[PDB]
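> Before I ask anything, here is the structure I am working with.
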Amino acid sequence: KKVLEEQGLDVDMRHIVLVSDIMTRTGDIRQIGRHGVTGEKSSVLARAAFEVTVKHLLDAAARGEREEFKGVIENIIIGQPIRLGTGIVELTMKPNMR
Amino acid sequence: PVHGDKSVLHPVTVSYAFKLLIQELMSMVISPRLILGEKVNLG
Amino acid sequence: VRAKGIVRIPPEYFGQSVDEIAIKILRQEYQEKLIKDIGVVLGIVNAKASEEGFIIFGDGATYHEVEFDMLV
Amino acid sequence: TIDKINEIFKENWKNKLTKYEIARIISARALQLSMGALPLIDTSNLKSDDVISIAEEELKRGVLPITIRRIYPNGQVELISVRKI
Amino acid sequence: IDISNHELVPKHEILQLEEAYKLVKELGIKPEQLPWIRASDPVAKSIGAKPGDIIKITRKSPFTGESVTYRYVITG
Amino acid sequence: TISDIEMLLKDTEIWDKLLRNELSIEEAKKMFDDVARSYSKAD
Amino acid sequence: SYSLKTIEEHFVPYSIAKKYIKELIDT
Ligand SMILES: [Zn+2]
């Protein structure tokens with residue numbers, strides 16, 4: 001908040017609170033980047049796409065890890081719809097009584 | 001390619017870039033096995 | 001034999017009674033050769049489909065769960 | 001009873017419809033009308049022949065039968081109707 | 001030395017098991033899915049928090065005044 | 001450090017057992033206190 | 001889109017197969 005204030009521009013406190021919450025989710029101040037919360041996405045394709053590396057794919061292949069595809073980044077990679085916004089809502093329709 | 005004719009195959013619509021990535025990983029010793037699932041929500 | 005499956009009612013068949021549309025779709029898809037397992041019979045009697053049906057991304061048709069009679 | 005604000009949120013969103021659900025309803029209805037579904041509102045006397053506009057007007061009127069089932073994280077499911085008879 | 005009196009430190013409390021059960025049933029989550037705090041953290045050690053417990057933390061926030069958050073106590 | 005991992009295992013098993021309503025709150029509290037006392041004595 | 005699950009399956013009646021096919025032809 002102080003850093004954003006000295007530049008004189010306004011950013012809502014809710015965004016800063018969310019960022020600080022996601023930094024300290026694991027009990028310690030964890031780096032946002034590849035060694036931290038981005039490092040543990042519980043997914044392989046998103047991890048390999050964030051930074052262009054092959055080591056993560058080979059590590060997953062060796063450990064036999066499987067990707068659940070519950071996130072957003074890897075769903076776009078293959079083509080299936082994401083579960084944010086319009087994804088979260090699912091509809092039911094009865095066309096008989098129209 | 002592996003099972004010959006005895007197995008059933010299902011069509012899946014994906015980006016061709018993902019298929020290229022799968023085949024490039026398969027050119028390695030990595031063996032990605034795509035797991036299919038019902039297109040409908042089922043329930 | 002009692003079989004429950006999902007039937008895809010296309011948008012153009014909207015406003016008609018669900019049961020007749022569902023049995024028409026099942027007959028069109030399962031008039032002969034059935035499926036690989038549990039017989040290859042061509043027989044089918046009738047069906048009853050639930051009114052509420054799902055809508056899936058990229059498809060305007062409605063997907064209903066229907067239980068029906070085969071002649072395995 | 002997680003918190004007071006959670007209760008306010010839950011009782012607020014019971015009788016209202018979010019913009020994501022509105023967009024999904026409109027897109028689904030437009031896709032249905034494009035393939036050949038018969039519109040429920042009167043086709044004539046409409047300034048716009050676009051399918052999107054017809055679906056939007058149907059949603060505003062409430063004629064189209066669509067029920068939105070929202071699954072709460074604790075397993076509760078809520079059904080919200082758009083008929084508005 | 002006591003650090004709980006510092007301005008940066010919110011109010012930490014250890015809630016009973018029935019309240020934790022009600023919380024996890026209402027949230028519909030496993031207890032480990034909550035954000036978790038190490039049992040060796042000085043704020044948890046001051047109140048004598050034990051692993052497997054849930055800590056109720058009230059923070060001062062400008063939107064609601066007092067905000068209630070729940071942390072999970074893990075082992076080291 | 002194996003004591004900490006084993007304690008985490010036992011605590012999550014007790015919590016999952018509680019979520020299935022195998023036994024009431026008070027017995028689970030006794031189990032938590034007992035395991036904490038037992039495996040903090042070693043440390 | 002086509003998930004088939006057979007429950008409480010019953011044997012095809014050879015004697016009543018003629019009746020079933022006659023009913024199908026009627027329909
Ligand atoms: Zn094969």
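To be explicit about the labels: the chains of the structure tokens are called A, B, and onward in the order shown, and within each one the residues are counted from 1, while ligands get numbers from 1 in the order they are shown.
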Any chance you could list, as an mmCIF file with N, CA, C and O atoms, in the first residue's frame, the residues in chain C that come up alpha helix (DSSP H) when DSSP is run on the backbone?

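Now in out_29.cif:
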```cif
data_model
loop_
_atom_site.group_PDB
_atom_site.id
_atom_site.type_symbol
_atom_site.label_atom_id
_atom_site.label_comp_id
_atom_site.auth_asym_id
_atom_site.auth_seq_id
_atom_site.Cartn_x
_atom_site.Cartn_y
_atom_site.Cartn_z
ATOM 1 N N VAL C 18 -41.800 -34.716 -25.032
ATOM 2 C CA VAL C 18 -40.440 -35.216 -24.855
ATOM 3 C C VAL C 18 -40.363 -36.709 -25.155
ATOM 4 O O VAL C 18 -39.385 -37.182 -25.744
ATOM 5 N N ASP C 19 -41.380 -37.474 -24.752
ATOM 6 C CA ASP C 19 -41.309 -38.928 -24.879
ATOM 7 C C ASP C 19 -41.221 -39.367 -26.337
ATOM 8 O O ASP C 19 -40.405 -40.229 -26.684
ATOM 9 N N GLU C 20 -42.059 -38.793 -27.203
ATOM 10 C CA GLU C 20 -42.045 -39.176 -28.613
ATOM 11 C C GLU C 20 -40.732 -38.787 -29.282
ATOM 12 O O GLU C 20 -40.176 -39.556 -30.072
ATOM 13 N N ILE C 21 -40.216 -37.598 -28.972
ATOM 14 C CA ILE C 21 -38.935 -37.182 -29.538
ATOM 15 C C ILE C 21 -37.818 -38.106 -29.069
ATOM 16 O O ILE C 21 -36.955 -38.512 -29.857
ATOM 17 N N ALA C 22 -37.817 -38.453 -27.780
ATOM 18 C CA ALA C 22 -36.775 -39.320 -27.242
ATOM 19 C C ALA C 22 -36.830 -40.705 -27.869
ATOM 20 O O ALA C 22 -35.790 -41.272 -28.228
ATOM 21 N N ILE C 23 -38.031 -41.269 -28.008
ATOM 22 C CA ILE C 23 -38.134 -42.593 -28.610
ATOM 23 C C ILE C 23 -37.777 -42.538 -30.089
ATOM 24 O O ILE C 23 -37.190 -43.485 -30.620
ATOM 25 N N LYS C 24 -38.090 -41.433 -30.773
ATOM 26 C CA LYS C 24 -37.676 -41.284 -32.163
ATOM 27 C C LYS C 24 -36.157 -41.265 -32.282
ATOM 28 O O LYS C 24 -35.584 -41.921 -33.158
ATOM 29 N N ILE C 25 -35.488 -40.516 -31.404
ATOM 30 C CA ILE C 25 -34.029 -40.446 -31.455
ATOM 31 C C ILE C 25 -33.414 -41.804 -31.137
ATOM 32 O O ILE C 25 -32.472 -42.246 -31.809
ATOM 33 N N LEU C 26 -33.933 -42.489 -30.114
ATOM 34 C CA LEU C 26 -33.410 -43.807 -29.768
ATOM 35 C C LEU C 26 -33.624 -44.802 -30.902
ATOM 36 O O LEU C 26 -32.736 -45.609 -31.203
ATOM 37 N N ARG C 27 -34.795 -44.764 -31.539
ATOM 38 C CA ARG C 27 -35.054 -45.652 -32.666
ATOM 39 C C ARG C 27 -34.116 -45.348 -33.825
ATOM 40 O O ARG C 27 -33.577 -46.263 -34.453
ATOM 41 N N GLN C 28 -33.900 -44.066 -34.119
ATOM 42 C CA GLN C 28 -32.991 -43.709 -35.203
ATOM 43 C C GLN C 28 -31.576 -44.195 -34.916
ATOM 44 O O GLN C 28 -30.902 -44.727 -35.806
ATOM 45 N N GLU C 29 -31.112 -44.032 -33.678
ATOM 46 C CA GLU C 29 -29.765 -44.451 -33.321
ATOM 47 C C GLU C 29 -29.643 -45.947 -33.060
ATOM 48 O O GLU C 29 -28.580 -46.519 -33.325
ATOM 49 N N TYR C 30 -30.696 -46.592 -32.554
ATOM 50 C CA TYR C 30 -30.637 -47.991 -32.143
ATOM 51 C C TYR C 30 -31.659 -48.853 -32.882
ATOM 52 O O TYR C 30 -32.179 -49.818 -32.320
#
```
> Tell me which protein, DNA and RNA residues are within 8 Å of stretch 8-19 of chain G, counting only C-alpha atoms, leaving out same-chain ones fewer than 4 positions away, and put them as a list in words.
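My list of contacting residues is residues 1, 2, 3, 71 and 72 of chain C; 23 of chain G.
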> Could you list the protein, DNA and RNA residues that have any atom within 12 Å of ligand 1, counting only C-alpha atoms and all ligand atoms, and write them as a ChimeraX atom specification?
/B:1-10,33-35
> Set the cut-off to 10 Å and count only C-alpha atoms: what are the residues of chain F that reach chain E? Output as a PyMOL selection string.
chain F and resi 1+3-12+14-16+18-19+24-26+28-29+32-33+35-37+40
> Fewer than 6 positions away in the same chain doesn't count, so skip those; otherwise give me all residues within 12 Å of residue B:42, counting only C-alpha atoms, as JSON, numbers by chain.
{"C": [4, 5, 6, 7, 53, 54, 55, 56, 63, 64, 65], "G": [1, 2, 3, 4]}
> Produce a file of the selected residues containing C-alpha atoms, as a PDB file, in the first residue's frame.

```pdb
ATOM      1  CA  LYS C   4     -30.812 -45.795 -18.990  1.00  0.00           C
ATOM      2  CA  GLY C   5     -28.930 -43.468 -21.313  1.00  0.00           C
ATOM      3  CA  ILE C   6     -28.589 -39.844 -22.322  1.00  0.00           C
ATOM      4  CA  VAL C   7     -30.534 -38.735 -25.406  1.00  0.00           C
ATOM      5  CA  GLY C  53     -32.371 -31.648 -19.536  1.00  0.00           C
ATOM      6  CA  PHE C  54     -28.797 -30.387 -19.403  1.00  0.00           C
ATOM      7  CA  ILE C  55     -27.253 -27.811 -21.738  1.00  0.00           C
ATOM      8  CA  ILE C  56     -23.537 -28.128 -22.486  1.00  0.00           C
ATOM      9  CA  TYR C  63     -29.545 -33.806 -23.066  1.00  0.00           C
ATOM     10  CA  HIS C  64     -32.150 -35.878 -21.208  1.00  0.00           C
ATOM     11  CA  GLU C  65     -31.760 -39.031 -19.139  1.00  0.00           C
TER      12      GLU C  65
ATOM     13  CA  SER G   1     -23.505 -38.181 -25.252  1.00  0.00           C
ATOM     14  CA  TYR G   2     -24.406 -41.890 -25.458  1.00  0.00           C
ATOM     15  CA  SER G   3     -23.671 -43.651 -22.159  1.00  0.00           C
ATOM     16  CA  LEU G   4     -25.416 -47.031 -22.012  1.00  0.00           C
TER      17      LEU G   4
END
```
> Name the residues of stretch 25-82 of chain D that fall into strand (DSSP E) according to DSSP on the backbone, using the chain letters and numbers of this document, as a ChimeraX atom specification.
/D:67-71,77-81
> Taking only C-alpha atoms into account, report as a VMD selection string which residues of chain A lie within 7 Å of chain E.
chain A and resid 25 to 27
> Determine which residues of chain C sit within 8 Å of chain D, taking into account only C-alpha atoms, and present them as an NGL selection string.
:C and (11-14 or 55 or 59-61)
> Pull out every residue of chain A sitting within 6 Å of chain D, counting only C-alpha atoms, and send them as a list in words.
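Taken together, these residues fit the definition: residues 85, 86, 89, 91, 92 and 93 of chain A.
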> Skip stretch 25-30 of chain B itself and residues of its chain fewer than 5 positions away, then list as an MDAnalysis selection string all residues within 10 Å of it, counting only C-alpha atoms.
(chainID A and resid 54 57:62 64) or (chainID B and resid 19:20)
> Please report as CSV every residue of chain B lying within 8 Å of chain G, along with the nearest atom pair and their distance in Å (one decimal), using only C-alpha atoms.

```
residue,atom,partner,partner_atom,distance
B:38,CA,G:1,CA,7.3
B:39,CA,G:1,CA,6.5
B:40,CA,G:1,CA,6.0
```
> Could you save the residues just selected, with N, CA, C and O atoms, as a compact mmCIF listing (two decimals), in the first residue's frame?

```
# COMPACT_ATOMS: atom_id res chain seq x y z
N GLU B 38 -16.60 -38.39 -19.89
CA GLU B 38 -17.89 -38.12 -20.53
C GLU B 38 -18.05 -36.64 -20.81
O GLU B 38 -17.85 -35.80 -19.93
N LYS B 39 -18.41 -36.32 -22.06
CA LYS B 39 -18.63 -34.93 -22.43
C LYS B 39 -19.79 -34.33 -21.65
O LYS B 39 -19.74 -33.17 -21.24
N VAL B 40 -20.85 -35.12 -21.45
CA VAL B 40 -21.96 -34.67 -20.63
C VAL B 40 -21.55 -34.62 -19.17
O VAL B 40 -20.58 -35.26 -18.73
```
> Please indicate the distance in Å from atom CA of residue B:22 to atom CA of residue A:67, rounded to one decimal place.
13.7 Å
